[PDB]
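Student: Got a structure here, written out as structure tokens. Questions coming.
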There are 2 protein chains.
Amino acid sequence: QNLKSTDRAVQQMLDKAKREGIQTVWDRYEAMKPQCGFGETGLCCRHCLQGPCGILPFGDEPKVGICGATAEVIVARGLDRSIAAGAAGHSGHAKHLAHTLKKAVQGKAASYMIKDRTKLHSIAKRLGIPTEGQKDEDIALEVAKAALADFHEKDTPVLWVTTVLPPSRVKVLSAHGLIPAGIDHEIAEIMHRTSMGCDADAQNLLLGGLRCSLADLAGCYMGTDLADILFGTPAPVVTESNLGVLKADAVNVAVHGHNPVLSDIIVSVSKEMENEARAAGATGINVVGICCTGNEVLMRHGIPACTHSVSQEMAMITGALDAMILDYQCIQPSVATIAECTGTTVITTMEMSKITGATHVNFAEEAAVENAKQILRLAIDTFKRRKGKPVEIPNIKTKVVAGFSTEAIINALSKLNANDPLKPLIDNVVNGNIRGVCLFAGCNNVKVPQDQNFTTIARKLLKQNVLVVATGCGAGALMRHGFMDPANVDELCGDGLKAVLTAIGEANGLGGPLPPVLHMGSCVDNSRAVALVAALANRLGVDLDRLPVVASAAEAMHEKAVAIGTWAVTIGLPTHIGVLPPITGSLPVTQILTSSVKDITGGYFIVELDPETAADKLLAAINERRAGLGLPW
Amino acid sequence: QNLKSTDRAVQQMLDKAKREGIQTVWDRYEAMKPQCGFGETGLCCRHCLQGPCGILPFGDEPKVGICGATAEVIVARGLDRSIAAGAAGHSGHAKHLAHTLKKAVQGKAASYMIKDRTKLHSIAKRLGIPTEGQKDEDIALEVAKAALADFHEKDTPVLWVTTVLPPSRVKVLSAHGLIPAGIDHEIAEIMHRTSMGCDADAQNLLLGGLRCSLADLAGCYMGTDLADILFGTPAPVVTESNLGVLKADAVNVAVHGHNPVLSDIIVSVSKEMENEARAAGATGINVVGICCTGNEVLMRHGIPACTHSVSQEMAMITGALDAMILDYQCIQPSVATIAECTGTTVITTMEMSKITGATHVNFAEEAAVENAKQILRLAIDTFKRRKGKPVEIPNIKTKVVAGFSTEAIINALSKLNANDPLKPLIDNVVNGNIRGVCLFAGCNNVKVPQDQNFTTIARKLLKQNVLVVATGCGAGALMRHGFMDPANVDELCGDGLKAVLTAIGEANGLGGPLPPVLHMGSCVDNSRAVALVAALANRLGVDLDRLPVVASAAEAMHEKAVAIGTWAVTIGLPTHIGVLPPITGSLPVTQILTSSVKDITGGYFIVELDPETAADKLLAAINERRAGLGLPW
Ligand SMILES: c1ccc(C[n+]2ccc(-c3cc[n+](Cc4ccccc4)cc3)cc2)cc1
Ligand SMILES: c1ccc(C[n+]2ccc(-c3cc[n+](Cc4ccccc4)cc3)cc2)cc1
Ligand code: SF4
Ligand code: SF4
Ligand code: FES
Ligand code: FES
């Protein structure tokens with residue numbers, strides 16, 4: 001059980017599932033072995049009915065595809081389509097948010113409103129939309145128009161790429177023709193060039209891949225900015241993590257997915273229907289949370305985080321989980337089957353994301369509350385069946401400090417310098433108390449013992465005075481193991497990082513150091529770490545590829561993670577991935593992604609499956625960047 | 001050699017290649033066997049780094065994906081991504097044409113102009129763009145704006161879907177939410193919903209797939225309409241087919257790809273540089289043609305068709321092929337390698353479609369002639385090396401009649417009824433001389449003896465009074481075996497079809513029957529067959545699913561072909577495919593594509609790998625539709 005997940009609560013619920021014969025993800029993974037060499041190394045293509053074409057990594061034929069596609073071209077095309085799929089996911093998420101804002105300022109969905117007025121004004125000014133002398137609805141609709149424009153071609157390029165990167169970085173990207181023209185446009189062109197008979201050069205293909213990763217970066221920032229406008233900009237919050245957030249006597253409602261347009265409304269509406277949950281017998285309605293929509297309502301409402309990706313099923317095995325509200329993404333459809341055994345009621349709410357056997361509730365912004373009131377009642381009814389029955393909640397949970405948006409981070413820093421909030425951070429970078437910055441992002445993965453890479457590399461980095469932030473399932477892994485609890489800054493952080501954190505946190509009326517890891521939100525909110533990093537570059541007058549900033553998708557699983565790592569490389573960062581990417585089948589392609597791309601964007605990939613060696617390689621990247629700045633290390 | 005291609009010239013050049021050790025596609029296909037059951041049956045997914053997940057078609061585990069994706073969901077997601085890739089190809093083609101028209105009417109590329117004024121006016125009126133009182137450049141720019149709008153969301157849906165189908169058909173499609181909102185939008189949403197953790201219901205997924213096939217249909221029509229505007233609407237032409245179009249003493253220049261924006265300019269410019277080709281020793285410049293751009297210049301300029309998809313390499317083995325101008329699509333990259341042995345100079349001209357080892361010429365509309373003049377010279381220089389050397393051109397070619405655009409077809413029909421050109425065709429449908437209509441479309445495929453399915457099914461249909469049209473590589477297969485020669489109407493056609501063809505052709509001043517097969521252009525120009533079919537439906541006041549019209553992608557290979565077959569199903573047609581699609585791994589998905597979709601669109605798939613049984617099944621579909629209309633059969 002240790003072999004599967006370092007999460008002790010997950011280890012308990014795995015024993016429950018094995019005892020009851022309810023099949024988990026690890027069981028399916030065991031059933032899948034041995035896995036295919038062609039597929040796991042990228043040497044397989046099916047863009048043709050001319051057959052599935054595999055190339056043996058070594059030995060005699062098959063050496064090449066039937067049409068003449070070499071190993072490098074096949075690998076690059078597959079990787080390109082991975083990036084395109086991730087960009088499509090983030091694009092659709094931000095597109096839905098854009099239509100929500102547009103339908104909100106046009107009287108069409110009264111449940112949605114401009115919560116953060118300063119954020120809207122600042123985004124408009126960055127976009128060049130004039131604010132002074134404009135009604136908030138007109139300027140919000142102008143922002144909403146501008147957001148939708150960025151999906152197609154126009155006069156200006158994708159402004160969520162070109163207005164968010166430092167001008168030097170934008171210029172470097174332009175010099176190679178890497179600035180996107182349209183998010184959906186880049187997606188469609190990638191799907192064009194990777195089809196049979198199209199582009200058949202690895203260098204050209206990978207250049208297009210970088211260009212599409214920037215479309216994904218635009219999608220993430222668009223989603224971040226729009227969610228900030230609609231639902232509020234995160235400010236520091238304190239809540240709990242792991243399955244212990246569940247309580248047997250409440251209606252346990254899990255928000256699962258990625259788009260807050262649904263779950264924020266659920267969170268607000270449920271508190272007033274606790275007026276009705278009492279009569280059903282429960283204390284009230286308990287909105288636990290799963291995955292990045294769970295972290296969206298965590299970062300903006302203090303909602304406890306129940307669990308995350310590879311162990312999402314483990315929320316249900318407790319048997320006290322009544323509802324499961326799904327929008328989309330990183331949802332194992334297995335839950336819909338597992339529900340029949342656990343008594344959970346699975347609900348899907350998107351027209352374009354349905355699971356066979358799962359209840360569908362056609363959700364509209366126009367009826368945002370209505371739907372919600374209905375859905376809660378379902379869970380409430382599902383609690384009535386649970387009356388006076390046995391459940392097994394692992395009495396295990398940790399303390400998490402979150403809501404560290406770039407706004408919140410800079411405000412916390414401004415207590416140390418009012419006129420120059422970035423200067424304290426850069427001062428402590430110079431004097432060695434903060435060595436570098438590392439962003440843990442990305443998924444979990446059934447191939448990696450859950451939360452192993454994140455926690456090990458985080459331990460190593462924190463001992464060595466690295467300021468670590470985290471998003472998505474990386475943030476979930478770090479928070480379920482206590483990395484967001486200042487009470488552990490003592491065990492975890494080095495002396496210099498400890499001094500900086502303890503200065504900032506106690507300066508901000510918190511009364512204690514900032515937590516060992518700065519939870520910066522969901523997967524789309526990786527854009528936040530762009531902003532912050534971008535800001536620092538602007539302050540130093542250098543590009544992102546000169547800063548001691550690295551990223552580590554330590555346990556990546558989803559196509560989104562591949563796209564995110566690619567655009568982390570593109571904007572200039574050393575970017576580690578702790579899962580094998582499907583590139584090993586072509587030495588040239590791996591060489592480009594690890595060595596040659598340094599000469600194009602300044603970033604490069606670090607593919608290390610050993611977290612110890614990965615942490616040393618990240619340390620050496622940070623120390624390289626320190627050396628380039630003529631600083632001690 | 002018979003086992004590979006029924007094309008006798010191809011059989012000769014295969015012997016040459018084997019004698020010289022130059023590896024062909026069939027050799028690579030032999031090296032690839034045995035092929036993967038998982039991949040060829042759709043039971044493999046790699047949308048995750050959680051491993052390549054395969055499901056055994058029968059037996060024990062692996063039964064399901066690691067995330068819980070059943071066989072049906074995996075199969076549907078793969079098929080959806082195939083359709084998305086095909087729609088991306090056609091979308092990019094039409095998008096490039098749209099920018100060419102926009103850059104032409106805005107003074108930015110003087111080499112391009114509004115060749116067909118009536119076509120532009122008619123398209124504007126259909127779109128609702130007013131013509132009267134507008135300059136041709138302003139209305140052309142309005143059409144160009146409208147074309148680009150259809151890639152993203154707006155107020156109106158994709159107008160190249162909704163303004164081209166009969167209102168009853170559009171209503172049927174709307175009733176199921178199948179009308180696209182944006183070509184690139186549908187592409188991106190498909191790439192979203194097929195990612196991990198997203199949509200996991202086979203019915204829902206296939207509904208989305210139909211909706212995206214309509215985006216592909218819009219892309220094809222957009223390309224057709226734009227190419228008609230830019231370069232002329234096809235009128236009947238006579239030329240030759242197969243490798244015998246090549247001549248040892250000329251500069252043999254092959255246009256290969258799909259976008260005429262390049263090759264039409266090459267065709268026009270080359271005739272004036274024959275003034276320079278004489279001095280190089282050659283007679284002149286011989287613009288043979290390959291694939292659908294070859295058929296574009298065939299249908300609009302009488303350019304001989306050299307060869308097509310699976311045997312494209314066979315153009316080079318002659319050793320007298322000097323140049324190879326590539327834009328994109330269904331180009332085996334192997335040519336770039338094979339050139340080193342054959343002395344051909346391979347040229348790529350698109351920024352987003354490059355082959356390693358192939359000369360790249362960065363082509364712009366702005367420099368359309370300049371590039372062209374350069375490129376020809378290359379070929380001319382490549383002819384100088386060929387001076388006084390041996391070559392092996394199979395002394396084999398056939399006679400092809402083409403240029404039967406829907407405009408040309410209706411004009412030919414109007415000689416029999418001036419006020420009602422469709423009535424003669426429908427009269428002869430009623431009285432049994434024309435039983436049904438069959439559109440042969442789609443690729444060749446190395447798994448099928450080249451041109452076998454097309455020719456066999458065409459023979460059977462023509463004996464039985466079916467009016468057969470053809471596009472793309474289906475048209476190429478039929479023309480290389482003489483199906484476009486009226487001299488064979490005697491051997492091929494039944495008595496009633498013979499009477500109708502002989503009436504129309506001799507009525508049109510041709511002096512002989514129309515050819516046994518009506519070549520209707522390239523793959524995008526399958527939209528033409530939509531128009532014609534749509535018109536007939538409008539004339540009869542019934543939907544497309546009531547007409548004796550079927551389609552047969554008899555030897556499909558490219559993702560485009562899958563998308564085309566899917567939207568042929570969607571608009572109501574019985575649609576055969578003669579290659580195994582990756583659907584067999586899920587009986588529910590195959591059932592939907594073959595049986596249940598009849599209840600949603602009226603069309604259905606016919607998957608038969610035996611051309612005899614396929615022809616009987618097509619005959620029975622046509623006779624079913626005749627029976628539904630209360631007619632003899
Ligand atoms: C030590 C040992 C094992 C690990 C975990 N691990 C890492 C990599 C692979 C693997 C397997 C097959 N390949 C094909 C291949 C290789 C070269 C060229 C082309 C293709 C690549 C890599 C398997 C397991 C980490 C550290
Ligand atoms: C007769 C004989 C042979 C042919 C040519 N042909 C047609 C089909 C297949 C084939 C192979 C494997 N399957 C897997 C499968 C089957 C059922 C359910 C799930 C999966 C499906 C089909 C192989 C060869 C045509 C006519
Ligand atoms: S398109 Fe080419 S590389 Fe891809 S599967 Fe078909 S033959 Fe192989
Ligand atoms: S995303 Fe799911 S179905 Fe697809 S390969 Fe990964 S585990 Fe298998
Ligand atoms: S051969 Fe296994 S992934 Fe295709
Ligand atoms: S297992 Fe062969 S196609 Fe994936």
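We name chains A, B, ... following the order of the structure tokens; residues begin at 1 in each chain, and ligands are numbered from 1 as shown.
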I'd like the neighbourhood of region 118-121 of chain B as a list in words, where a residue qualifies if any of its atoms comes within 9 Å (using only C-alpha atoms), though same-chain residues fewer than 6 positions away should be ignored.

Tutor: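 Those residues are residues 129, 130, 131, 136, 139, 140, 143, 225, 226, 228, 229, 232 and 233 of chain B.
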
Student: Once you count only C-alpha atoms and all ligand atoms, which residues end up within 8 Å of ligand 3, and could you hand them over as JSON, numbers by chain?

Tutor: {"A": [44, 45, 46, 47, 48, 49, 50, 51, 52, 53, 54, 65, 66, 67, 68, 69, 74, 195, 196, 197], "B": [332, 557, 558]}

Student: Return as a tab-separated table the residues of region 505-529 of chain B lying at most 10 Å from region 562-570 of chain B, together with the closest atom-to-atom pair for each and the distance in Å to one decimal, counting only C-alpha atoms, with rows in chain order and ascending residue number.

Tutor:
residue	atom	partner	partner_atom	distance
B:523	CA	B:564	CA	8.8
B:524	CA	B:564	CA	9.2
B:526	CA	B:564	CA	8.4
B:527	CA	B:564	CA	9.7

Student: The selected residues should be written to file as a compact mmCIF listing (two decimals), in the first residue's frame (atoms: C-alpha atoms).

Tutor:
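Output file result_23.txt follows:
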# COMPACT_ATOMS: atom_id res chain seq x y z
CA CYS B 523 -11.40 16.42 -51.81
CA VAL B 524 -12.67 19.82 -50.69
CA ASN B 526 -16.82 17.09 -52.38
CA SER B 527 -18.77 20.14 -51.21

Student: Using only C-alpha atoms, pick whichever of A:462, A:406, A:72, A:472 has the shortest atom-to-atom distance to residue 257 (chain A).

Tutor: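 Smallest distance to residue 257 (chain A) is found for A:472.
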
Student: Atom 6 (N, counted along the ligand's line) of ligand 1 and CA of residue 59 (chain A), how far apart in Å?

Tutor: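 Separation between CA of residue 59 (chain A) and atom 6 (N, counted along the ligand's line) of ligand 1: 19.6 Å.
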
Student: Determine, counting only C-alpha atoms, which protein, DNA and RNA residues have an atom within 10 Å of an atom of region 163-171 of chain A; residues of the same chain fewer than 3 positions away are not included. Present the result as a JSON list (two decimals) with N, CA, C and O atoms, in the first residue's frame.

Tutor:
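Contents of out-v4.json, freshly written:
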[["chain", "number", "residue", "atom", "x", "y", "z"],
["A", 123, "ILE", "N", -6.92, 44.85, -15.52],
["A", 123, "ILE", "CA", -6.85, 44.04, -16.74],
["A", 123, "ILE", "C", -7.19, 44.90, -17.95],
["A", 123, "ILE", "O", -6.55, 44.79, -19.00],
["A", 126, "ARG", "N", -4.20, 47.10, -18.76],
["A", 126, "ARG", "CA", -3.15, 46.32, -19.40],
["A", 126, "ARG", "C", -3.50, 46.03, -20.85],
["A", 126, "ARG", "O", -2.66, 46.16, -21.75],
["A", 127, "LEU", "N", -4.75, 45.63, -21.10],
["A", 127, "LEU", "CA", -5.24, 45.42, -22.46],
["A", 127, "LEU", "C", -5.34, 46.72, -23.25],
["A", 127, "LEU", "O", -5.48, 46.66, -24.48],
["A", 128, "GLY", "N", -5.26, 47.87, -22.59],
["A", 128, "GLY", "CA", -5.47, 49.14, -23.24],
["A", 128, "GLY", "C", -6.91, 49.60, -23.28],
["A", 128, "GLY", "O", -7.19, 50.64, -23.88],
["A", 157, "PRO", "N", -2.02, 40.22, -31.84],
["A", 157, "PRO", "CA", -1.86, 38.80, -31.56],
["A", 157, "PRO", "C", -2.51, 38.43, -30.22],
["A", 157, "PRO", "O", -3.18, 39.27, -29.67],
["A", 158, "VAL", "N", -2.35, 37.20, -29.74],
["A", 158, "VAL", "CA", -3.01, 36.86, -28.48],
["A", 158, "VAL", "C", -2.49, 37.78, -27.38],
["A", 158, "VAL", "O", -1.32, 37.70, -26.99],
["A", 159, "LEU", "N", -3.36, 38.66, -26.88],
["A", 159, "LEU", "CA", -2.95, 39.64, -25.88],
["A", 159, "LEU", "C", -2.74, 39.02, -24.51],
["A", 159, "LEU", "O", -2.05, 39.62, -23.68],
["A", 160, "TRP", "N", -3.29, 37.84, -24.26],
["A", 160, "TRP", "CA", -2.97, 37.13, -23.03],
["A", 160, "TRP", "C", -1.64, 36.40, -23.11],
["A", 160, "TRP", "O", -1.29, 35.67, -22.18],
["A", 174, "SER", "N", 9.01, 36.48, -30.48],
["A", 174, "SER", "CA", 8.68, 36.93, -31.83],
["A", 174, "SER", "C", 9.80, 36.60, -32.80],
["A", 174, "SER", "O", 9.54, 36.25, -33.96],
["A", 175, "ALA", "N", 11.06, 36.71, -32.36],
["A", 175, "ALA", "CA", 12.18, 36.51, -33.27],
["A", 175, "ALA", "C", 12.14, 35.13, -33.92],
["A", 175, "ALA", "O", 12.69, 34.94, -35.01],
["A", 176, "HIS", "N", 11.50, 34.16, -33.27],
["A", 176, "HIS", "CA", 11.38, 32.81, -33.80],
["A", 176, "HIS", "C", 9.99, 32.52, -34.34],
["A", 176, "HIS", "O", 9.66, 31.36, -34.61],
["A", 177, "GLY", "N", 9.16, 33.55, -34.50],
["A", 177, "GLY", "CA", 7.79, 33.36, -34.95],
["A", 177, "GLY", "C", 6.96, 32.51, -34.00],
["A", 177, "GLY", "O", 6.18, 31.67, -34.45],
["A", 178, "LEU", "N", 7.13, 32.72, -32.69],
["A", 178, "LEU", "CA", 6.48, 31.88, -31.69],
["A", 178, "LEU", "C", 5.28, 32.53, -31.03],
["A", 178, "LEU", "O", 4.61, 31.88, -30.22],
["A", 179, "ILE", "N", 4.99, 33.79, -31.33],
["A", 179, "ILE", "CA", 3.81, 34.44, -30.74],
["A", 179, "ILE", "C", 2.56, 33.86, -31.38],
["A", 179, "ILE", "O", 2.45, 33.83, -32.62],
["A", 217, "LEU", "N", -0.76, 28.97, -22.49],
["A", 217, "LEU", "CA", -0.43, 29.95, -21.46],
["A", 217, "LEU", "C", -1.45, 31.09, -21.46],
["A", 217, "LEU", "O", -1.88, 31.55, -20.40],
["A", 218, "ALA", "N", -1.84, 31.54, -22.65],
["A", 218, "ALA", "CA", -2.88, 32.55, -22.76],
["A", 218, "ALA", "C", -4.20, 32.06, -22.18],
["A", 218, "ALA", "O", -4.91, 32.81, -21.51],
["A", 221, "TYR", "N", -4.03, 32.18, -18.27],
["A", 221, "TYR", "CA", -4.07, 33.56, -17.74],
["A", 221, "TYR", "C", -5.47, 34.14, -17.91],
["A", 221, "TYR", "O", -5.93, 34.87, -17.03],
["A", 527, "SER", "N", -0.66, 30.63, -14.23],
["A", 527, "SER", "CA", -0.47, 31.95, -14.82],
["A", 527, "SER", "C", -0.06, 32.96, -13.76],
["A", 527, "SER", "O", 0.72, 33.88, -14.05],
["A", 530, "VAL", "N", 3.46, 33.04, -13.49],
["A", 530, "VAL", "CA", 4.00, 33.82, -14.60],
["A", 530, "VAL", "C", 4.04, 35.29, -14.20],
["A", 530, "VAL", "O", 5.12, 35.91, -14.17],
["A", 531, "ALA", "N", 2.88, 35.85, -13.85],
["A", 531, "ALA", "CA", 2.79, 37.26, -13.46],
["A", 531, "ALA", "C", 3.89, 37.62, -12.48],
["A", 531, "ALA", "O", 4.76, 38.44, -12.79],
["A", 533, "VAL", "N", 6.62, 36.05, -11.59],
["A", 533, "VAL", "CA", 7.94, 35.93, -12.20],
["A", 533, "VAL", "C", 8.17, 37.06, -13.18],
["A", 533, "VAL", "O", 9.18, 37.78, -13.11],
["A", 534, "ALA", "N", 7.19, 37.30, -14.07],
["A", 534, "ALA", "CA", 7.31, 38.40, -15.01],
["A", 534, "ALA", "C", 7.63, 39.69, -14.28],
["A", 534, "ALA", "O", 8.62, 40.37, -14.60],
["A", 535, "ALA", "N", 6.86, 40.00, -13.22],
["A", 535, "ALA", "CA", 7.11, 41.22, -12.47],
["A", 535, "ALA", "C", 8.56, 41.30, -12.03],
["A", 535, "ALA", "O", 9.25, 42.30, -12.31],
["A", 536, "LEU", "N", 9.07, 40.23, -11.42],
["A", 536, "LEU", "CA", 10.45, 40.26, -10.94],
["A", 536, "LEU", "C", 11.41, 40.55, -12.08],
["A", 536, "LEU", "O", 12.28, 41.41, -11.96],
["A", 537, "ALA", "N", 11.21, 39.88, -13.23],
["A", 537, "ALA", "CA", 12.06, 40.15, -14.38],
["A", 537, "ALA", "C", 12.01, 41.63, -14.74],
["A", 537, "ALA", "O", 13.05, 42.29, -14.87],
["A", 538, "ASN", "N", 10.80, 42.19, -14.83],
["A", 538, "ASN", "CA", 10.64, 43.61, -15.12],
["A", 538, "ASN", "C", 11.40, 44.45, -14.10],
["A", 538, "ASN", "O", 12.05, 45.44, -14.47],
["A", 541, "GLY", "N", 15.03, 44.21, -14.88],
["A", 541, "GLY", "CA", 15.42, 44.59, -16.22],
["A", 541, "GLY", "C", 16.13, 43.49, -16.98],
["A", 541, "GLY", "O", 17.00, 43.77, -17.81],
["A", 542, "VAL", "N", 15.80, 42.23, -16.70],
["A", 542, "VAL", "CA", 16.34, 41.08, -17.40],
["A", 542, "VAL", "C", 15.19, 40.15, -17.77],
["A", 542, "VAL", "O", 14.06, 40.31, -17.29],
["A", 543, "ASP", "N", 15.48, 39.19, -18.64],
["A", 543, "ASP", "CA", 14.45, 38.27, -19.10],
["A", 543, "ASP", "C", 14.27, 37.13, -18.09],
["A", 543, "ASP", "O", 15.08, 36.94, -17.17],
["A", 544, "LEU", "N", 13.18, 36.37, -18.26],
["A", 544, "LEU", "CA", 12.86, 35.28, -17.34],
["A", 544, "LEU", "C", 13.93, 34.20, -17.34],
["A", 544, "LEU", "O", 14.07, 33.49, -16.34],
["A", 545, "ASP", "N", 14.69, 34.06, -18.43],
["A", 545, "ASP", "CA", 15.73, 33.05, -18.53],
["A", 545, "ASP", "C", 17.00, 33.42, -17.79],
["A", 545, "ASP", "O", 17.99, 32.68, -17.88],
["A", 570, "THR", "N", 9.17, 27.66, -22.70],
["A", 570, "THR", "CA", 9.16, 28.69, -23.73],
["A", 570, "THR", "C", 9.46, 30.08, -23.16],
["A", 570, "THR", "O", 10.19, 30.86, -23.77],
["A", 571, "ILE", "N", 8.90, 30.40, -21.99],
["A", 571, "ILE", "CA", 9.07, 31.74, -21.44],
["A", 571, "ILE", "C", 10.41, 31.84, -20.71],
["A", 571, "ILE", "O", 10.71, 32.87, -20.10],
["A", 572, "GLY", "N", 11.21, 30.78, -20.78],
["A", 572, "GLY", "CA", 12.61, 30.87, -20.40],
["A", 572, "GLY", "C", 13.05, 30.07, -19.18],
["A", 572, "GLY", "O", 14.17, 30.25, -18.70],
["A", 601, "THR", "N", 14.74, 29.74, -26.44],
["A", 601, "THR", "CA", 13.93, 30.39, -25.42],
["A", 601, "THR", "C", 14.66, 30.65, -24.12],
["A", 601, "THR", "O", 14.16, 31.41, -23.29],
["A", 602, "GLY", "N", 15.82, 30.03, -23.90],
["A", 602, "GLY", "CA", 16.51, 30.10, -22.64],
["A", 602, "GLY", "C", 16.07, 29.07, -21.63],
["A", 602, "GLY", "O", 16.83, 28.76, -20.70]]

Student: Could you produce a table of the residues of chain A lying within 6 Å of ligand 1, with the nearest pair of atoms per residue and their separation in Å rounded to one decimal, using only C-alpha atoms and all ligand atoms, ordered by chain and increasing residue number, as JSON lines?

Tutor:
{"residue": "A:41", "atom": "CA", "partner": "ligand 1", "partner_atom_place_in_ligand_line": "14 (C)", "distance": 5.4}
{"residue": "A:57", "atom": "CA", "partner": "ligand 1", "partner_atom_place_in_ligand_line": "19 (C)", "distance": 4.5}
{"residue": "A:584", "atom": "CA", "partner": "ligand 1", "partner_atom_place_in_ligand_line": "20 (C)", "distance": 4.8}
{"residue": "A:585", "atom": "CA", "partner": "ligand 1", "partner_atom_place_in_ligand_line": "19 (C)", "distance": 3.8}
{"residue": "A:609", "atom": "CA", "partner": "ligand 1", "partner_atom_place_in_ligand_line": "25 (C)", "distance": 5.5}

Student: Find the distance between CA of residue 133 (chain A) and CA of residue 145 (chain A) and write it in Å to one decimal.

Tutor: 18.4 Å

Student: Taking 5 positions as the minimum chain separation for residues in the same chain, which residues sit within 7 Å of residue 285 (chain A) when counting only C-alpha atoms? Answer as number ranges by chain.

Tutor: A: 250-253, 270, 274, 277

Student: Give as JSON, numbers by chain the residues surrounding ligand 2 up to a distance of 12 Å, considering only C-alpha atoms and all ligand atoms.

Tutor: {"A": [51], "B": [34, 35, 36, 37, 38, 39, 40, 41, 42, 43, 44, 54, 55, 56, 57, 58, 59, 63, 71, 72, 75, 447, 448, 578, 579, 580, 581, 582, 583, 584, 585, 586, 587, 588, 589, 590, 591, 607, 608, 609, 610, 611, 612, 613, 614]}

Student: Run DSSP on the backbone and give me the residues of region 215-434 of chain A it puts in strand (DSSP E), as a PyMOL selection string.

Tutor: chain A and resi 237-241+251-256+285-290+323-326+345-348+359-360+398-402

Student: Leaving out residue 289 (chain B) and any residue of its chain fewer than 2 positions from it, which residues lie within 10 Å of it when counting only C-alpha atoms, given as JSON, numbers by chain?

Tutor: {"B": [241, 242, 243, 245, 246, 252, 253, 254, 255, 256, 257, 263, 286, 287, 291, 292, 293, 294, 295, 296, 297, 298, 303, 304, 305, 306, 307, 308, 312, 315, 324, 325]}

Student: If we count only C-alpha atoms, what is near region 384-390 of chain B at a cut-off of 8 Å, once residues fewer than 5 positions away on the same chain are taken out, given as a PyMOL selection string?

Tutor: chain B and resi 280-281+320

Student: Using only C-alpha atoms, determine which residues lie at most 9 Å from residue 519 (chain A), disregarding the query and same-chain residues fewer than 3 positions distant; provide the list as a PyMOL selection string.

Tutor: chain A and resi 299+400-405+468-472+475-476+478-479+484+515+522

Student: Just how far from CA of residue 316 (chain B) is CA of residue 2 (chain B), in Å to one decimal?

Tutor: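 Those two atoms sit 20.2 Å apart.
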
Student: I need the alpha helix (DSSP H) residues of region 511-603 of chain B per DSSP on the backbone, written as a VMD selection string.

Tutor: chain B and resid 526 to 540 559 to 570 587 to 594

Student: Of the candidates B:358, B:200, B:288, B:577, which shows the shortest atom-to-atom distance to chain A, using only C-alpha atoms?

Tutor: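 Closest to chain A, using only C-alpha atoms: B:200.
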
Student: Determine the nearest neighbour of ligand 4 from the options A:191, A:330, A:458, A:173, counting only C-alpha atoms and all ligand atoms.

Tutor: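 The shortest atom-to-atom distance to ligand 4 comes from A:330.
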